[PDB]
């Protein structure tokens, strides 16, 4: 139970077209070995951004990963209706791998 991942905000609701920012803080340096996942209702999670800033195959350019050391960020530019769901950060720098508590994002 070594590296604690702190996601913020826990939840938020924004309108389509706006920009949101989810932050993650690690209890120890994770050397950019961070990933973000989006999870839809009743569905399995899907990788958005990996290695802190690398945008995964198939993911829109609206998603952008940023940060270093212990402070990472996920920015969703121009929100779309399909962006509702739970967002999770994850560290793969040290075992055991840990996830953030998640961020519930509602779209108005």
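Residue numbers count along the first chain shown, from 1.
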- Query: Comparing 77-85 with 26-34, where is the mean C-alpha B-factor higher?
  - Reply: 77-85
- Query: What third of the chain, by the recorded C-alpha B-factor, contains residue 59?
  - Reply: highest
- Message: Which third, lowest, middle or highest, does the C-alpha temperature factor of residue 100 belong to within its own chain?
- Response: lowest
- Lowest, middle or highest third: where is residue 15 by Cα B-factor in its chain? highest
- Which third of the chain holds residue 51 when residues are ordered by C-alpha B factor: lowest, middle or highest? lowest
